[PDB]
Amino acid sequence: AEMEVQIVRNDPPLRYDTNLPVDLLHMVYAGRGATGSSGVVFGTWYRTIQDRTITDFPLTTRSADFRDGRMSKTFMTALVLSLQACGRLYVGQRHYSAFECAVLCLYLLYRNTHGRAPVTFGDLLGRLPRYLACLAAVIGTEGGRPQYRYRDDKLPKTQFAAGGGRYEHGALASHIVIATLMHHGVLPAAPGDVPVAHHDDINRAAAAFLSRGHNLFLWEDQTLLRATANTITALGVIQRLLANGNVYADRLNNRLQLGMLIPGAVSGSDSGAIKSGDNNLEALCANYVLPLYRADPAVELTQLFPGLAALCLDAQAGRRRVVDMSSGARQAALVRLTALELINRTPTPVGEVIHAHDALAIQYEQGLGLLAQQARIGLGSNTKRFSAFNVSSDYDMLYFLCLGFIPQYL
Numbered sequence: 134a135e136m137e138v139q140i141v142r143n144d145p146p147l148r149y150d151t152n153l154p155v156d157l158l159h160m161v162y163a164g165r166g167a168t169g170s171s172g173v174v175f176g177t178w179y180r181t182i183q184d185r186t187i188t189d190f191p192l193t194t195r196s197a198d199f200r201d202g203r204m205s206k207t208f209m210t211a212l213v214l215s216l217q218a219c220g221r222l223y224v225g226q227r228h229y230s231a232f233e234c235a236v237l238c239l240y241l242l243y244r245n246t247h248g255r256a257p258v259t260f261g262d263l264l265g266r267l268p269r270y271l272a273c274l275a276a277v278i279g280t281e282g283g284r285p286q287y288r289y290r291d292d293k294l295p296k297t298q299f300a301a302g303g304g305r306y307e308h309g310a311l312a313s314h315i316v317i318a319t320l321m322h323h324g325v326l327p328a329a330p331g332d333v334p346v347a348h349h350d351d352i353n354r355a356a357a358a359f360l361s362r363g364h365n366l367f368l369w370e371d372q373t374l375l376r377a378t379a380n381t382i383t384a385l386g387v388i389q390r391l392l393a394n395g396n397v398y399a400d401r402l403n404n405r406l407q408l409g410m411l412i413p414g415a416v426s427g428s429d430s431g432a433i434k435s436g437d438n439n440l441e442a443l444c445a446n447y448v449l450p451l452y453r454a455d456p457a458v459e460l461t462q463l464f465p466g467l468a469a470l471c472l473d474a475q476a477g478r484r485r486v487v488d489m490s491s492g493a494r495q496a497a498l499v500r501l502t503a504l505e506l507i508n509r510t514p515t516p517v518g519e520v521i522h523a524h525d526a527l528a529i530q531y532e533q534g535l536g537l538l539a540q541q542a543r544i545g546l547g548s549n550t551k552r553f554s555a556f557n558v559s560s561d562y563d564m565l566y567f568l569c570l571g572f573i574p575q576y577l
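Just so we're aligned: the sequence shown equals residues 134 to 248, 255 to 334, 346 to 416, 426 to 478, 484 to 510, 514 to 577 in PDB author numbering.
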């Protein structure tokens, strides 16, 4: 059972074994331009992370090949796995993913505000764009400062998860997404703070669309609620980044050239207008997100879109010696988890790994909030920004989001 997905309408589907970016890396490094007077590069951002990884965790040199100042395949593999791990929930017994919860919440919000009726979870995934547009309209772009952040003063400092299923009272309540879901009857009122659930529409929808016979009371599993609000926030950002994208622009303006990367393995269709709506997103949901979800219903947003994680991390600043504002220092969390991934490939206390993973999840969340707050995060208004990630076209953006990088033979 091989996986097959389609990232962009004009391109051929992509068939592979288990993890798309990892498999693609195997292909680009087994190819021509990956040796001799030619090498595989991924952009300045990735160069900075690799340099920083070598400097701060020298032992990684014993697990990867950094000769000729080239970009290491083992390094990029560990890095993509870390990006994919950003939004993963390892600790905690649960029967639903943050992604499934996010889909059910968006569905309910749409039903409660806006509104052929969806019958399966699959139906819901297909209609994600309209739910996302609804969320966007409901939130608004006025009032000034939609707050996509929690009350950090009320949340743990070095752990992501809520110890016993609950964070300090009011820790989550103020995030715009959560306040919106409560305002519109999707999420019940928060538990009180003073010494089965027929009124929980989310649990009900979960029962109906997934029928797993397990209760889903988000206020009782607040780690999952926090992850759910983050996933919703991330989907809104993806929708924004892909809005009105022209994936048919001049092919020669794409940093990504599948033809050069995998030599050989490679109109009149009223696809739509150039100033597309959420058409590309619509297609992604149907031909990328859905097939991946069915193959693995526990999958989370960052696993689907490691590129989104990278953009989010790049947006945050990190957590008489030195005031380091360098990209490398800002990504210290990413670097550490990546280095740990690398070094273990050669038995790091699971607790140390959990600590490193939690610190990254925390910075991802912080960066995601900053990105969600920005008025203009589109490719146009951030050309140099995306350039550091080897993205220059809307075509590139789509692949970047799913892969976590854009390879090019240099």
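All C-beta atoms, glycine included, are put in the ideal place defined by N, C-alpha and C.
From the listed residues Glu135, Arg142 and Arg478, the smallest Cα separation to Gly427 is found for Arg142.
Here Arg401 carries a helix assignment [DSSP, helix/strand/coil].
Of the candidates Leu385, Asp429, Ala272 and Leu527, the residue whose Cα lies closest to the Cα of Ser215 is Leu527. In the three-state reduction of the DSSP assignment, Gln541 falls in the coil class, being assigned neither a helical nor a strand state. Using a 10 angstroms sphere on the CB of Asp201, the tally of other CB atoms stays under 16, which defines it as exposed. Around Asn404, the same chain offers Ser560, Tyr562 and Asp563 as residues with beta carbons nearer than 6 angstroms, after the five sequence neighbours per side are excluded. In the three-state DSSP reduction, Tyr149 falls in the strand class (E or B).
When the Cα atoms are used, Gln530 and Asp429 turn out to be separated by approximately 42 angstroms. With a 10 Å radius around the Cβ and a threshold of 16 neighbouring Cβ atoms, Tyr223 comes out exposed. When secondary structure is reduced to three states using DSSP, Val258 falls in the coil class, being assigned neither helix nor strand. Excluding residues up to 5 positions away in sequence, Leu264, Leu267 and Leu463 lie with their Cβ nearer than 8 angstroms to the Cβ of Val448 in the same chain. Here the alpha carbons of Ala256 and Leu467 stand approximately 31 angstroms from one another. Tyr306 carries a coil assignment under DSSP once its states are collapsed to helix, strand and coil. Straight across, the Cα-Cα distance linking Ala469 with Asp184 is about 17 angstroms. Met209 is classed as buried because its beta carbon has at least 16 other beta carbons within 10 Å across all chains shown. When the beta-carbon positions are compared, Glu233 and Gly304 stay at least 7 angstroms from each other.
When C-alpha distances from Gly431 are compared across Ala442, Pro413, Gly414 and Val416, the shortest belongs to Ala442. Cα atoms of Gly409 and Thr193: separation of roughly 33 angstroms, rounded to the nearest angstrom. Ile182 has its alpha-carbon roughly 42 angstroms from the corresponding atom of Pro327. Sequence-distant Cβ neighbours of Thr378 in its own chain, meaning closer than 7 angstroms and more than five residues away, are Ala231, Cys234, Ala235, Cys238 and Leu368. Rounded to the nearest angstrom, the Cβ distance from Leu460 to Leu271 is 13 angstroms, too far for a contact under 8 angstroms.
Per DSSP, the unbroken beta strand (DSSP E) holding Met136 starts and ends at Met136 to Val138. 7 angstroms or more divides the Cβ of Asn557 from the Cβ of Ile544. In the three-state reduction of the DSSP assignment, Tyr240 falls in the helix class, which pools H, G and I. Excluding the 5 residues flanking it on each side, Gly166 has same chain C-beta neighbours closer than 6 angstroms at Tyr576, in chain order. The shortest CA-to-CA distance from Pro413 to any of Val258, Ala163, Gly279 and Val155 is the one to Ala163. In the DSSP assignment, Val174 forms a beta bridge with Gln575. At a Cβ-Cβ threshold of 7 angstroms, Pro456 and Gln217 do not count as neighbours.
Inter-segment contact for the stretch 274–286 and the stretch 317–324 is present: three or more beta-carbon pairs are separated by less than 8 angstroms. For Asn245, the three-state secondary structure derived from DSSP is helix.
Taking the CA atoms as reference points, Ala399 sits about 32 angstroms from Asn380.
C-alpha of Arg478 to C-alpha of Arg494: approximately 8 angstroms in a straight line. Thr188 sits in a helix when the DSSP states are folded into three classes.
Taking every protein chain shown into account, the CB of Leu402 has fewer than 16 other CB atoms within 10 angstroms, so this residue is exposed. Non-local beta-carbon contacts of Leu570 in its own chain, meaning distances under 6 angstroms to residues more than five positions away in sequence, involve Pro154 in chain order. Going by DSSP, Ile352 is part of the alpha helix (DSSP H) stretching over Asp351 to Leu360.
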